[PDB]
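All Cβ positions, even for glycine, are placed from backbone atoms using ideal geometry, and neighbour counts span all protein chains on display. No lab work stands behind these numbers, since they all come straight from the coordinates.
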Amino acid sequence: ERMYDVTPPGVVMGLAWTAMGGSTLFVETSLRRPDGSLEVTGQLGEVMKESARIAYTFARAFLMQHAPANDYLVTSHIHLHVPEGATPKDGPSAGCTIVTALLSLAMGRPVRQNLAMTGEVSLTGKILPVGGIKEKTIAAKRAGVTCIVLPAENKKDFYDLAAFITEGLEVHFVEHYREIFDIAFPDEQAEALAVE
Ligand SMILES: *[B]([O])([O])[C]([C][C][C]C1=[C][C]=[C][C]=[C]1)[N]C(=O)[C]([C][C][C])[N]C(=O)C1=[C]N=[C][C]=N1
């Protein structure tokens, strides 16, 4: 009951909440050409369009720090679209979902399947709380998500949910974005038998 059953690179699942309940929105990223830029579509609002420019600044900065060999974001002409097409959307609960879509694209490696997230991001990566966590959690469950990432400040809003709703959700309560990265992209933080 969702738009994507398998998120490729550049596609992350987010959570949006309306007065009619929850819903699952998918952030998407792609290339336009083979200084680097950014483009946005999906009837986004003046408040969220700032969350894109913040997540874009942070994702570039995150690349600069952890994998400095990766120039993908500082040079490429990127395009972000959040379907469905004509629905209006405004709000920073898409912040982290965007960062992950940008990194996922800039790495060429998809995100954990069956993962939804929501949370406002700051410029330094602090993950700030968002609203209607009850309806975002419910729409993740009605839509088939097994791993949810909430802002850690939104812990009560999640545990106000009945016993049957939250059971069976791998939920992570995160304060910086580095905690979302280690969950969205697990293989990065995974022990291995270094051979040779
Ligand atoms: B968030 O709660 O701010 C959310 C972000 C929606 C955009 C998005 C979500 C997930 C992935 C990618 C993009 N904003 C909302 O849900 C908006 C409307 C979205 C269509 N609703 C509100 O901001 C709001 C305000 N007051 C009461 C109820 N809703």
> Can you tell me which residues in region 52-95 are farther than 15 Å from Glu120 by Cβ, within 13 Å of the ligand (Cβ to nearest atom) and not acidic (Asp, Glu)?
Replying inline: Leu80, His81, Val82, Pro83, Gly85, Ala86, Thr87, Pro88
> What residue, of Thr124, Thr118, is closer than 13 Å to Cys96 by Cα, in contact with a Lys or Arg (Cβ under 7 Å, 6 or more places away or on another chain) and of a type outside the set (D, E, K, R)?
Replying inline: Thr118
> Restricting attention to region 136-157, does a residue exist that is of a type outside the set (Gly, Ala, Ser) and within 10 Å of the ligand (Cβ to nearest atom)?
Replying inline: yes
